[PDB]
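Asks: My structure is below; once you've seen it, I'll send some questions.
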Amino acid sequence: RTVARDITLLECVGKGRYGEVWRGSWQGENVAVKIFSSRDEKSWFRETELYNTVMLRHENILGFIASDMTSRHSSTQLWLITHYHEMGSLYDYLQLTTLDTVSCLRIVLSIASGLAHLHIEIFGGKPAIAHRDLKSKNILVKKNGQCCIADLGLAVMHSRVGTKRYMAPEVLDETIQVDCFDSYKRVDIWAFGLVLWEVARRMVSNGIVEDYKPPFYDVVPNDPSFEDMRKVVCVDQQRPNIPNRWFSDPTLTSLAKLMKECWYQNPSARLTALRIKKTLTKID
Ligand SMILES: COc1cc(-c2cncc(-c3ccc(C4CCN(C)CC4)cc3)c2C)cc(OC)c1OC
Ligand SMILES: COc1cc(-c2cncc(-c3ccc(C4CCN(C)CC4)cc3)c2C)cc(OC)c1OC
Ligand SMILES: COc1cc(-c2cncc(-c3ccc(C4CCN(C)CC4)cc3)c2C)cc(OC)c1OC
């Protein structure tokens, strides 16, 4: 039989220290192609090892298609091929788009659903998985209004470091219990709470909305250092601002409470992804 492997690379949709992401075409269909830098080869190996262990399939997880290694004259070329989401990342989407109650809840409940799916061990099934770099750039928006979680290059399984702006206090103060898988779930819940803040700001109530800002925009520089983050999060124990206008809206009042239960200094006090889902299903 003929095994069609040609992918036409059409448009670069992302370039960074990680490498590049391209919109590509296989057999008439859009795919996304991540081409890894030499600097980030271990992220390709980790995501490939995970998908060789468990073929994750969930509506709120970016859909895997292929991992390809190709021999070149003097180098190895590493590609990850996934489903393509033309609306782009949640980070991108929130820059100009505002939300209503239904769209805001649908976004955040879809993220919580993908995250609970990663976290929960299924017997017979899948190992428990923690993501370790959850943020709005690692979430894609689908045409149906739900999102999906991307980038398992730092993921850990149980049966590069995270983006510093989103690091939990125990990562910044190096107290994290590294031999305990639950520690890594609790670092993802902290980062989830920051994403929930970023999205809620863009939900309109009584004619008011906040501009898009990243977490801690008002207290750290761009590309904040590890020390900049530690002083804010660990020493001063700052948390993102909840605007007064949220307390006139029942949805944003409930979301403020939720985000505050993702941000406890004590990791074991934070809500679980399953409890976040249940709370979101009871809002509105
Ligand atoms: C090697 O590389 C790539 C391959 C492909 C691809 C292209 N056509 C057909 C296939 C195919 C799938 C599955 C079977 C099965 C049939 C049932 N039988 C019992 C076991 C075998 C055969 C063939 C593949 C996997 C796409 C690629 O990119 C999108 C590849 O590059 C990453
Ligand atoms: C990698 O990705 C894509 C792959 C393909 C594709 C191409 N040839 C053959 C297949 C295939 C056929 C048959 C089985 C068998 C498995 C065992 N048993 C006997 C029942 C069924 C498995 C695989 C596929 C899945 C199509 C795709 O899209 C249309 C892909 O997505 C981009
Ligand atoms: C986060 O990480 C990964 C993401 C993706 C990925 C999947 N679908 C779509 C995208 C995308 C498409 C289009 C735009 C732009 C271009 C047009 N318009 C002006 C604004 C929107 C942005 C983004 C990406 C980047 C793939 C990955 O791997 C193959 C990723 O890494 C795991």
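Chain A is numbered as in Swiss-Prot, which gives 202-325, 328-362, 375-499 for the residues shown.
Determined via X-ray crystallography, 1.3 Å.
Every residue gets a Cβ built from N, Cα and C, even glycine.
According to Swiss-Prot, the record shows the following:
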type: BINDING; residues: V214, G215, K216, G217, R218, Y219, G220, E221, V222, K235; note: ATP binding site
type: ACT_SITE; residues: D336; note: active site, proton acceptor
Asks: Counting every protein chain present, what is the number of Cβ atoms, excluding its own, within 10 Å of the Cβ of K216 (ATP binding site)?
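Replies: There are 11 such Cβ atoms around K216 (ATP binding site).
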Asks: Taking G325 and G328 as the last and first modelled residues around a gap of 2, how many Å apart are their Cα atoms?
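Replies: Between the Cα atoms flanking the 2-residue gap there are 5 Å.
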Asks: Since 12 residues are absent from the deposited coordinates between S362 and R375, report the CA-CA separation in Å as an integer.
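Replies: With 12 residues missing, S362 and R375 have Cα atoms 23 Å apart.
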Asks: Using the residues the record lists for ATP (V214, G215, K216, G217, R218, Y219, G220, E221, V222, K235), what whole-number Å value is the largest Cα to Cα distance?
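Replies: So the binding residues stretch over 14 Å, Cα to Cα.
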Asks: What recorded positions among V214, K216, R218, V222, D336 have a C-beta sitting less than 6 Å from any atom of ligand 3?
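Replies: List returned for ligand 3: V214, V222.
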Asks: Far apart in sequence but close in space: which same-chain residues, 6 or more away, have a Cβ under 8 Å from the residue listed as 'active site, proton acceptor'?
Replies: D354, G356, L357, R375, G377, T378, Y381, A406
Asks: Out of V214, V222, which of these binding-site residues shows the lowest number of other CB atoms within 10 Å of its CB?
Replies: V214
Asks: Looking only at DSSP and grouping its letters into three states, which state does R218 (ATP binding site) belong to?
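Replies: It is coil.
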